[PDB]
Amino acid sequence: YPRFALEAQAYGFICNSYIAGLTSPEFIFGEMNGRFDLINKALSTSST
Amino acid sequence: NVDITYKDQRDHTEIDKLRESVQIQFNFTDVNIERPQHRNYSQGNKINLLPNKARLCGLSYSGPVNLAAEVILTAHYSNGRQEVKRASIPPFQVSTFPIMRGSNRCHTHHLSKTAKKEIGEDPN
Amino acid sequence: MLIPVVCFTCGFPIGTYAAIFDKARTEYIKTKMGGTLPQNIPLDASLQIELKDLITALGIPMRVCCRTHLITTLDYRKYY
Amino acid sequence: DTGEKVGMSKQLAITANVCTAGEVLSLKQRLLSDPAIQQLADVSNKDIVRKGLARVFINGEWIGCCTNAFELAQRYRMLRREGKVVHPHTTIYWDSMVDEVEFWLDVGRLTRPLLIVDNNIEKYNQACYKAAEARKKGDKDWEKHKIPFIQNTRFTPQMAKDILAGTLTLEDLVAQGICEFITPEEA
Amino acid sequence: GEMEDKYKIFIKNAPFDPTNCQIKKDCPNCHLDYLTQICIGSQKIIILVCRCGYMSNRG
Amino acid sequence: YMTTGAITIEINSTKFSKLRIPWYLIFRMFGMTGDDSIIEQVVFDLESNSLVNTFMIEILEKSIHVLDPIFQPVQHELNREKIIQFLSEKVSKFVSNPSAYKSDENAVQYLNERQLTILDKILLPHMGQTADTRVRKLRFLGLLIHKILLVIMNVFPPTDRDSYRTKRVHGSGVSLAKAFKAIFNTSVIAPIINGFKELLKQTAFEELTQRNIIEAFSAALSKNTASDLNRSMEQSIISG
Ligand SMILES: [Zn+2]
Ligand SMILES: [Zn+2]
């Protein structure tokens, strides 16, 4: 996505369902979202 | 290319009392790497060490390295005169360096899929 | 390392036709390609040839499991 | 997926490679020979902030200043596509925010090939200019001088078929300017 | 403030950076079909720059 | 850059140990002493009166007026040679007897030449290692200071420690070489030094010939050195 892109897709709006199949930018954004949850779940054991 | 100076402390003769220190200087001349080798225990030469043999016998798949060197030393007296000596060292087996599998230094580089399969290697 | 003697799922004797099925299959694919180098025949294109009628000609039923295991089992003699 | 090892052991992508070290000396002696570069000892800080000259680093060190950083970076990018003057694995970054050019040829750079997209933006621009000339001068049909914009890659289905047939390689695609290697710096 | 020195080099280089967002809007100076839009700062200031040197907000 | 306002430089390397020197002294030892020239070494101009340049000269002018406990008597010093002399007074580990080597003339020149050549190679070595590259090392160090002050300025974000435009992946060859050499340091040349020490301690040197040089070289490289070097290299690869 270009610099200062204004489209909603550039910031993580996924127009596709899973059953339809994501594209590369949508897969990456979903990968970013999923990795956060793994990291917070890794802090689950240590912090408490 | 090492070059340093060390203070000498030999005090037996008068000629020893004429000296201040020794200027150490030396470098290495020719460096080469040969393929891994083995002895076979018969008081002979070094024979090729195949990777599976090193895996089974607990050896290391290392090839010897050959170095040559030049050692040139300086001698300093009390007045300020110097005595320079030189010495040449022929090719000399320093130590064995580990060899990566499948590389140029590996025996399974001239060996094809059939040849790798025949001796006890993974052909793929 | 071979096509199994029987289907893993139901136990039908798929092995008694395995050897023939291998050789026949190879010949069949050489008919559908037209004399190409073994590497110039892409792997993905050799698998798109329909083997349904060939397997039926072997006398094997239309069971999903038997044909799955007959078609997809890897032969070790072609990987070593 | 579990434990403290999450995000610690990364895996390369399918097309990612790691670059070796290129001949830095050849490119450096080419850059110092370039007339469009004022040498570092031949220009002063006052001069480079008055005219706003842009500084050119190679593999880390500053080796002069160019007038137009964008033009230099893109000319060396075009040379890199020919493969004879600049090595195809050369990273050519251009920081437009601080206006500097960086060349990199060292070890450890992740690279991947990317198919190059071309366009006809220059013909589009001249068509727009002549349409404007007819626009202000009084031609009521000025807009039939404008041309459509076209951007495309040069990768054709025949090239894909030949790659499957083994007659074309990646080095042959790079050699004729269809794909080029890009680093996270140049990306 | 901004638009003056905190981003002067970036703004002058914007019409040449290929990763910048273009806007389908005509240019007054060179009568070009497209302009380059940049949105700088936390106030999200929009500037339309052109390769000819055109700049909005009197630049 | 500190809360008080001092801008300091530390040169981590083998010879020195974490000494922090204010940002003017490094510039003054290299032949650039005038304050206007030095502020043009970081701000690159003295005739632009914008917010960035005004705040830059503000910070840098405030920086050069702090009294570091180590560089008090060398704060407003005017020339290079005695600054290098005090550098030798500080960093020379084998010199622990002051006010004595200063009674002679040769030692001052020897220390000055040594500290000139080391800092000619130990500061920004990628720019060169001879004296002709010292002047541009001044400019490049000034540019680094300028870039840091631009981040103090809140004009650009700091460096992203996770982006891969500033990462490298080295692998087997580079790490094997840098461990083959990091253990070459301890098990080869130090044994040679010690073997020559014990050859000089016993056998007269004016009576020493080539034959005994060969003897001592092949003795200092006996099985202990080869064993320790390779054992430490493998232990380094397997230890992590
Ligand atoms: Zn079945
Ligand atoms: Zn315009």
# chains A, B, ... in the order shown; residues from 1 in each chain; ligands from 1

call {"tool": "residues_around", "arguments": {"residues": "residue 147 in chain D", "least_positions_apart": "5", "cutoff": "8 Å", "atoms": "only C-alpha atoms", "output": "list in words"}}
result
residues 123, 124, 127 and 128 of chain D

call {"tool": "residues_near_ligand", "arguments": {"ligand": "ligand 1", "cutoff": "12 Å", "atoms": "only C-alpha atoms and all ligand atoms", "output": "list in words"}}
result
residues 4, 5, 6, 7, 8, 9, 10, 11, 12, 13, 14, 15, 60, 61, 62, 63, 64, 65, 66, 67, 68, 69, 70 and 71 of chain C

call {"tool": "atom_distance", "arguments": {"atom1": "CA of residue 107 in chain D", "atom2": "CA of residue 23 in chain D"}}
result
11.2 Å

call {"tool": "closest_atom_pairs", "arguments": {"of": "chain D", "to": "chain A", "cutoff": "8 Å", "atoms": "only C-alpha atoms", "output": "Markdown table"}}
result
| residue | atom | partner | partner_atom | distance |
| --- | --- | --- | --- | --- |
| D:1 | CA | A:38 | CA | 7.1 |
| D:2 | CA | A:42 | CA | 7.1 |
| D:3 | CA | A:42 | CA | 6.1 |
| D:4 | CA | A:42 | CA | 6.7 |
| D:6 | CA | A:39 | CA | 7.2 |

call {"tool": "closest_residue", "arguments": {"among": "D:98, D:63, D:19, D:110", "to": "chain E", "atoms": "only C-alpha atoms"}}
result
D:98

call {"tool": "residues_near_ligand", "arguments": {"ligand": "ligand 2", "cutoff": "7 Å", "atoms": "only C-alpha atoms and all ligand atoms", "output": "PyMOL selection string"}}
result
chain E and resi 27-32+50-54

call {"tool": "closest_atom_pairs", "arguments": {"of": "chain F", "to": "chain D", "cutoff": "8 Å", "atoms": "only C-alpha atoms", "output": "JSON lines"}}
result
{"residue": "F:40", "atom": "CA", "partner": "D:45", "partner_atom": "CA", "distance": 7.3}
{"residue": "F:41", "atom": "CA", "partner": "D:45", "partner_atom": "CA", "distance": 7.6}
{"residue": "F:44", "atom": "CA", "partner": "D:45", "partner_atom": "CA", "distance": 5.2}
{"residue": "F:45", "atom": "CA", "partner": "D:46", "partner_atom": "CA", "distance": 5.8}
{"residue": "F:126", "atom": "CA", "partner": "D:61", "partner_atom": "CA", "distance": 6.5}
{"residue": "F:127", "atom": "CA", "partner": "D:61", "partner_atom": "CA", "distance": 6.1}
{"residue": "F:136", "atom": "CA", "partner": "D:41", "partner_atom": "CA", "distance": 7.9}
{"residue": "F:140", "atom": "CA", "partner": "D:62", "partner_atom": "CA", "distance": 7.5}
{"residue": "F:164", "atom": "CA", "partner": "D:184", "partner_atom": "CA", "distance": 5.9}
{"residue": "F:165", "atom": "CA", "partner": "D:185", "partner_atom": "CA", "distance": 4.3}
{"residue": "F:166", "atom": "CA", "partner": "D:185", "partner_atom": "CA", "distance": 7.5}
{"residue": "F:167", "atom": "CA", "partner": "D:109", "partner_atom": "CA", "distance": 7.7}
{"residue": "F:168", "atom": "CA", "partner": "D:108", "partner_atom": "CA", "distance": 4.4}
{"residue": "F:169", "atom": "CA", "partner": "D:108", "partner_atom": "CA", "distance": 4.3}
{"residue": "F:170", "atom": "CA", "partner": "D:108", "partner_atom": "CA", "distance": 5.0}
